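S.K.: Take a look at this one; I'll ask things after.
There are 2 protein chains.
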Amino acid sequence: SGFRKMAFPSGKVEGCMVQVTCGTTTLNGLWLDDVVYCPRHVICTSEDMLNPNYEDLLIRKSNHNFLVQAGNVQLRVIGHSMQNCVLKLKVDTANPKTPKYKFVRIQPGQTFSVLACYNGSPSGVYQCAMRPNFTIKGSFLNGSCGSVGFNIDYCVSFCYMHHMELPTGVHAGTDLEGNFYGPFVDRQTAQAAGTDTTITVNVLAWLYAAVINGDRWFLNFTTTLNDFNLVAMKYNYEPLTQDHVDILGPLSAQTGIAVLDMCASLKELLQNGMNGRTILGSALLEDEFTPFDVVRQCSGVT
Amino acid sequence: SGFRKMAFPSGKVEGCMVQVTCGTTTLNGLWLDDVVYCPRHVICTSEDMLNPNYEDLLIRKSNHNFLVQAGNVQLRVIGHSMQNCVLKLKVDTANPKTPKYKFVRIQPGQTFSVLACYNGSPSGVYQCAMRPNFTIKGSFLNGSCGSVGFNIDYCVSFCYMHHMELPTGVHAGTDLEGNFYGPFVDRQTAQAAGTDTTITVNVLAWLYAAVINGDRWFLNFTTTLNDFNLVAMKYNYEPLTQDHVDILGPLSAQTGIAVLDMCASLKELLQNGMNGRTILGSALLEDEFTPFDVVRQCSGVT
Ligand SMILES: O=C1N[C@@]2(CCc3ccccc32)C(=O)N1c1cncc2ccccc12
Ligand SMILES: O=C1N[C@@]2(CCc3ccccc32)C(=O)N1c1cncc2ccccc12
């Protein structure tokens, strides 16, 4: 029994983390085969970050201007190019620790594990979700740039590289092809995220995890997808699609509660609050577990 | 910025996880050098667990009755002994992936990372605390027995091996010398944990993490260690010692708030509740961060 915010084991990603230095700036990079991936703003001084012309700034740079360090070893840069907001530094050594991997662009609401790093060394791992407004609420200090987010599908699917913190204190970054998630650019200006919404299909997945673990005080009614969605829009919950009802099916089958019945329970929680109770140790509705996360934890995928 | 329940990177422990089989039972073991460590109840059938005589049960067993598997490799058992509630199976191969390590018995209130495993394969990692009543609120399914908890001090300090779930749904286990934490025995009977209490020094550490991250709405008064402790005992908070005030000193020095001032803020939160607000995204007072955890996260120890 029990339910925890669980991250994937991080061993496979640790052996890929290197420290990249250009000029005075040092951040983390991802070394797979003979390429090293890092945020392109490593080439920027602080004057540069107000209005960086990245092409122009990168043109002034040659291979030997990049100090890639792997542990104590120093790698040799024999090539550099800029794919979107990511720098690709080709080096002289294939990483012998390269796992099977894919690069993946995840969807808002999906979860992934983050290995937070500084100067190329891992410091901690945690689980989080891509918010509907394409930000993440992470834990990132200066020099954590280039820390990666990932899933393990038995193969490492890298989905996120950290670039920047917004004055909000929320975090933004790119996929491993350098395309930002969200409307953000790698520049030090005022950038607004959208209004955030709650991942409704994830909250329902968690209520099922709650029932699986003996927490059932919130159950009861029914409602319609259409009727439920009217309550959700009022509470800044993201609208429940039928894909979403389908994804919850196996969870429905193992608790013997129809999705639509579970939504009626949620509607009452949204309308009436929690009246001081807790669900799985939380006094709030938790939205950072996908249905796949719940099933992975509640039957032990390794 | 940002604050997350962060676990240590798990790479070093993954390369130590093996699958141990005796009879029909299969659980996880810890392979360091030429010894493999696992819960001794691996030798038990289900009839045995009501009233196991472990010496007698282990006497019927010979080395070849133990199937230790490391990945696909099968290790050769050339020795077996029982230290308290742990079995020590000596094998023919030193593990080439053995990190620098120590065995450590932690104290109630300390935190550690758990690598949850099944059949010798890692599935997830999470951070938790030894409760004052020596239980842990984990996430453990059948066959997760022998999963280990650990800290990384730059060296892996193993502090916990999981043995059993109580009807509560909370979890109990031993140090790596096989001595249970708490009053528990490895037997399937009714076993009561103590009344649980809140780790007061950890809650204060979290309020400091809250201030560090811009959440300051709860600040204000003063009070005395003696006066504060009177409020704590009423709310089932563990009493604040002067060691505890000392440990919080560096946190005090960097936020410019005296410990005793922070306690006055907490007293009012305990007495008056949170009135619907949140602190660092939580609607409850969080007690699973030590002051060392807060300092590790808020300045990036790797
Ligand atoms: O937030 C930013 N803006 C910076 C400088 C401006 C910029 C432009 C493009 C990309 C990143 C950045 C940057 O390097 N970071 C950081 C990212 N993560 C954690 C941080 C913790 C403390 C201070 C900065 C942090
Ligand atoms: O709780 C127990 N009691 C058992 C059998 C009785 C016993 C005696 C000594 C030690 C352990 C045990 C056991 O193997 N476990 C488990 C431990 N962890 C997660 C579990 C999830 C689901 C079912 C069991 C779980």
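Protein sequences, first through last, are from chains A and A'. A prime marks a further copy of an entry chain. Numbered according to the entry's author numbering, the first sequence spans residues 1 to 154, 156 to 221, 223 to 304. Numbered according to the entry's author numbering, the second sequence spans residues 1 to 154, 156 to 221, 223 to 304. Where a beta carbon is used, it is the ideal one built from N, C-alpha and C, also for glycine.
1) Would A'/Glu166 pass as an interface residue toward chain A - the criterion being a Cβ-Cβ separation below 9 Å?
2) Looking at the structure shown, is A'/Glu270 part of a helix, part of a strand, or coil, going by DSSP?
3) Taking the alpha-carbon positions, what's the A/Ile259 to A'/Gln107 distance?
4) Could you tell me which residues DSSP puts in a beta bridge with A'/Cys128?
5) Evaluate A'/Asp33 with the Cβ neighbour count: other Cβ atoms within 10 Å of its Cβ, from every protein chain shown; 16 or more gives buried, anything less gives exposed.
6) DSSP on A/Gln189, reduced to helix/strand/coil?
7) For a test of the three-state rule: what should DSSP assign to A'/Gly195, helix, strand or coil?
8) When Cβ atoms are compared, which residues of the stretch 262-282 of chain A' fall closer than 7 Å to chain A?
9) Going along the chain, which residues of the stretch 54-67 of chain A sit with their C-beta nearer than 7 Å to a C-beta in chain A'?
10) Return yes when the Cβ of A/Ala129 is within less than 9 Å of the Cβ of A/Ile200, no when it is not.
11) Taking C-beta to C-beta, are A'/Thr135 and A'/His172 nearer than 9 Å?
12) Pull up the distance between the alpha-carbon of A/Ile249 and that of A/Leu89, whole angstroms please.
13) If contacts are defined as beta-carbon pairs under 8 Å, then A/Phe112 and A/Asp176 qualify, I think. What distance do you get, rounded to the angstrom?
14) For A/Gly138 versus A/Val114, is the C-beta spacing smaller than 9 Å?
15) The alpha helix (DSSP H) with A/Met235 in it runs from where to where?
16) So which residues on chain A does A'/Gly146 lean against when the C-beta distance must stay under 9 Å?
17) Check whether the stretch 76-84 of chain A' touches the stretch 282-299 of chain A, taking contact to mean three or more Cβ pairs, one atom from each stretch, closer than 8 Å.
18) With a threshold of 9 Å between beta carbons, is A/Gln110 in contact with chain A'?
19) Taking the alpha-carbon positions, what's the A'/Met82 to A'/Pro39 distance?
20) From A/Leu268 to A/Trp207, what distance separates their C-alpha atoms?
21) For A'/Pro122, decide whether its Cβ has a neighbour in chain A, counting only Cβ atoms nearer than 9 Å.
22) With hydrogens ignored, establish whether the beta-carbon of A'/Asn142 is closer than 8 Å to any heavy atom of ligand 2.
23) Which residues in chain A' sit within 8 Å of A/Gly138, going by Cβ to Cβ distance?
24) Establish whether the CB of A'/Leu89 and some CB of chain A are separated by less than 9 Å.
25) Can you check whether the CB of A'/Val125 is closer than 9 Å to the CB of A/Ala7?
26) On the premise that A'/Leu262 lies in contact with A'/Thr224, defined as a C-beta separation below 8 Å, what is that separation, rounded to the nearest angstrom?
27) So, for A/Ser10: in the same chain, excluding its five sequence neighbours on each side, which residues have a beta-carbon less than 6 Å away from its beta-carbon?
28) Report the option in A/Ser254, A/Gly179, A/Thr198, A/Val36 whose CA atom is closest to the CA atom of A/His80.
29) Any heavy atom of ligand 2 closer than 8 Å to the beta-carbon of A'/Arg188?
30) Given that a residue counts as buried once 16 or more other Cβ atoms are within 10 Å of its Cβ, and exposed if not, what is A'/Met17?
31) Closest Cβ-Cβ distance between A'/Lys236 and chain A: below 9 Å?
32) Taking 9 Å as the CB-CB limit, is A'/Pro9 close to chain A?
33) Verify the CB distance criterion: does A/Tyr126 have a CB-CB separation below 9 Å to chain A'?
34) Go to A'/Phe140, then tell me how far its alpha helix (DSSP H) extends in each direction, as first and last residue.
35) Among A/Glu270, A/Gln256, A/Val68, which residue has its Cα nearest to the Cα of A/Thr93?
36) Quick check: what's the CA-CA separation for A/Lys236 versus A/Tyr154?
M.R.: Let me lay it out:
1) Here residue 166 of chain A' is taken as the residue at index 165 of the second sequence, counted from 1. Taking Cβ atoms only, chain A reaches closer than 9 Å to A'/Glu166, which makes this a yes.
2) Translated into positions along the second sequence, residue 270 of chain A' becomes position 268. Here A'/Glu270 sits in helix by DSSP.
3) Indexing the first sequence from 1 puts residue 259 of chain A at position 257. Indexing the second sequence from 1 puts residue 107 of chain A' at position 107. So the two alpha carbons sit approximately 42 Å from each other.
4) The residue given as residue 128 of chain A' occupies position 128 in the second sequence. Beta-bridge pairing links A'/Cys128 to A'/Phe112.
5) For this step, residue 33 of chain A' is matched to residue 33 along the second sequence. It is exposed - the Cβ of A'/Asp33 has fewer than 16 other Cβ atoms within 10 Å.
6) Counting from 1 along the first sequence, the entry for residue 189 of chain A is found at position 188. In this structure, A/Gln189 counts as coil in the three-state DSSP scheme.
7) By one-based count along the second sequence, residue 195 of chain A' stands at place 194. The answer is coil: DSSP assigns A'/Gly195 none of H, G, I, E or B.
8) none
9) none
10) Reading the first sequence from its first residue, position 199 is the one you call residue 200 of chain A. Reading the first sequence from its first residue, position 129 is the one you call residue 129 of chain A. Yes. Within cutoff.
11) The residue you call residue 135 of chain A' lines up with position 135 of the second sequence. The residue you call residue 172 of chain A' lines up with position 171 of the second sequence. Contact flag set, yes.
12) In the first sequence, the residue the question calls residue 249 of chain A occupies position 247. In the first sequence, the residue the question calls residue 89 of chain A occupies position 89. Approximately 40 Å between the Cα atoms of the pair.
13) Residue numbering aside, residue 112 of chain A sits at position 112 when the first sequence is read from its first letter. Residue numbering aside, residue 176 of chain A sits at position 175 when the first sequence is read from its first letter. That belief does not hold up - the Cβ atoms of A/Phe112 and A/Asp176 are roughly 11 Å apart, past 8 Å.
14) Within the first sequence, numbered from 1, the residue matching residue 138 of chain A stands at position 138. Within the first sequence, numbered from 1, the residue matching residue 114 of chain A stands at position 114. Yes, these two residues count as a Cβ contact at 9 Å.
15) For the purposes of this step, residue 235 of chain A is identified with residue 233 of the first sequence, where counting begins at 1. That run of the alpha helix (DSSP H) goes 227-236.
16) Position 146 of the second sequence, counting from 1, holds the residue named residue 146 of chain A'. Going along chain A, no residue has its Cβ under 9 Å from A'/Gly146, so there is no contact; the nearest lies around 13 Å.
17) no
18) Working through the first sequence from its first residue, we reach residue 110 of chain A at position 110. Closer than 9 Å: no.
19) In the second sequence, the residue the question calls residue 82 of chain A' occupies position 82. In the second sequence, the residue the question calls residue 39 of chain A' occupies position 39. The alpha-carbon atoms of A'/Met82 and A'/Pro39 are separated by roughly 10 Å.
20) Against the first sequence, residue 268 of chain A aligns to sequence position 266. Against the first sequence, residue 207 of chain A aligns to sequence position 206. Going from the Cα of A/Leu268 to the Cα of A/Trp207 covers about 11 Å.
21) Mapped onto the second sequence, residue 122 of chain A' falls at position 122. With 9 Å as the cut-off, A'/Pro122 counts as an interface residue toward chain A.
22) The residue labelled residue 142 of chain A' in the question sits at position 142 within the second sequence. Answer for A'/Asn142: yes, Cβ within range of ligand 2.
23) To locate residue 138 of chain A, count along the first sequence from 1; it is residue 138. Those are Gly2, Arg4, listed as they occur along chain A'.
24) Mapped onto the second sequence, residue 89 of chain A' falls at position 89. With 9 Å as the cut-off, A'/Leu89 does not count as an interface residue toward chain A.
25) As a working note, residue 7 of chain A is residue 7 in the first sequence. As a working note, residue 125 of chain A' is residue 125 in the second sequence. Contact flag set, yes.
26) On the second sequence, position 222 is the one that residue 224 of chain A' refers to. On the second sequence, position 260 is the one that residue 262 of chain A' refers to. The pair is a contact, with the Cβ atoms about 6 Å apart (cut-off 8 Å).
27) For the purposes of this step, residue 10 of chain A is taken as residue 10 along the first sequence, with counting starting at 1. So the qualifying residues of the chain are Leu115, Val125.
28) As a position in the first sequence, residue 80 of chain A is number 80, starting the count at 1. Cα-wise, what sits closest to A/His80 is A/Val36.
29) Position 187 of the second sequence, counting from 1, holds the residue named residue 188 of chain A'. It does: the Cβ of A'/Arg188 is within 8 Å (strictly closer) of some heavy atom of ligand 2.
30) In the second sequence, counting from the first residue as 1, residue 17 of chain A' sits at position 17. Under this definition A'/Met17 is a buried residue.
31) On the second sequence, position 234 is the one that residue 236 of chain A' refers to. Judged by the 9 Å Cβ criterion, A'/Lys236 is not in contact with chain A.
32) Residue mapping note: residue 9 of chain A' aligns to position 9 of the second sequence, counting from 1. By this cut-off, A'/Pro9 is an interface position.
33) Looking up residue 126 of chain A in the first sequence gives position 126. So yes, A/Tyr126 belongs to the interface.
34) Taking the second sequence and counting its residues from 1, one reaches residue 140 of chain A' at position 140. Counting along the chain, A'/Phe140 falls outside any alpha helix (DSSP H), and DSSP gives it neither H nor E.
35) By one-based count along the first sequence, residue 93 of chain A stands at place 93. That would be A/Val68, whose Cα lies nearest to the Cα of A/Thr93.
36) As a position in the first sequence, residue 236 of chain A is number 234, starting the count at 1. As a position in the first sequence, residue 154 of chain A is number 154, starting the count at 1. Near 40 Å, if we compare the C-alpha coordinates of A/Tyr154 and A/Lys236.
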